[PDB]
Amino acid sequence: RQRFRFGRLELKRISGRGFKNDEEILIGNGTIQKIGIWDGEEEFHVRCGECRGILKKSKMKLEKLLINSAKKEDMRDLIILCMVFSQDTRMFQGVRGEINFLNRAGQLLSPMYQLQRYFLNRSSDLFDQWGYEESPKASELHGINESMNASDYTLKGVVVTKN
C-alpha cells in the first residue's frame, strides 16, 4: 500500500481493490468520452495540503468522505479532488463548460486529470450539481456547506471531523 498521487490529491490505500474498464461516459456538456471506470469498493487515506481525510468509493460513486478541520482552501480542494477521483455520476454531470482531451498539438490528455483541472476552477458548479443532505446529528461529526462552513446541511457523503 504505497502513497500515490492524483494531481494535487495524495492517496494511500486502506482496503479494497478496483478493476478498471473503459466506458463511454455522457458528461454534462452533452459530449461522450471514453473513460477508464474503476469497479469495486475501495477505501483510501487522502490528503490535499494540510487537510487529511478518508475516502470510500464504489463504481462511479463517492460512498463517504471523512475529512478533518483544516485550512478552508485545503478542505475545499480535497473535497473537489475526492469527488473527481470517485468518478461519481454527479461529478460527470457537473461539467457544463468545454473540456479538451487533446492539446493544441494534438497530443493525448488524461480524461481524469482534465476533469481535475476543470473542477478545481469550477467548484460552485460541482457543489450545486452534487446536492446536499442533512448534517449528522452526532456531536463528534459536523456538516459542511459550499462555503466550507459548519452548516445544518452538508455536501452529500461529506462530513467533517475534529476528533
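Note that residue numbering follows the sequence shown and begins at 1.
Do the C-alpha atoms of 89-97 or of 73-81 have the higher average B factor in the entry?
For C-alpha atoms only, the mean B-factor is higher in 89-97.
If you take the mean CA temperature factor per stretch, which one wins between 114-122 and 101-109?
It is 101-109.
Please place residue 48 in the lowest, middle or highest third of its chain by C-alpha B factor as given in the entry.
Lowest third of the chain for residue 48's C-alpha B-factor.
Rank-wise, by C-alpha B-factor, drop residue 25 into the lowest, middle or highest third of its chain.
Tercile = middle for this residue's CA B-factor.
How does the C-alpha B factor of residue 59 compare with the rest of the chain: lowest, middle or highest third?
Residue 59: CA B-factor falls in the lowest third of its chain.
Could you place residue 13 in the lowest, middle or highest third of its chain by Cα temperature factor, using the values in the record?
Its C-alpha B-factor belongs to the middle third of this chain's values.
According to the PDB entry, is the CA B factor of residue 134 in the bottom, middle or top third of its chain, that is, lowest, middle or highest?
For residue 134, the deposited C-alpha B-factor lands in the highest third.
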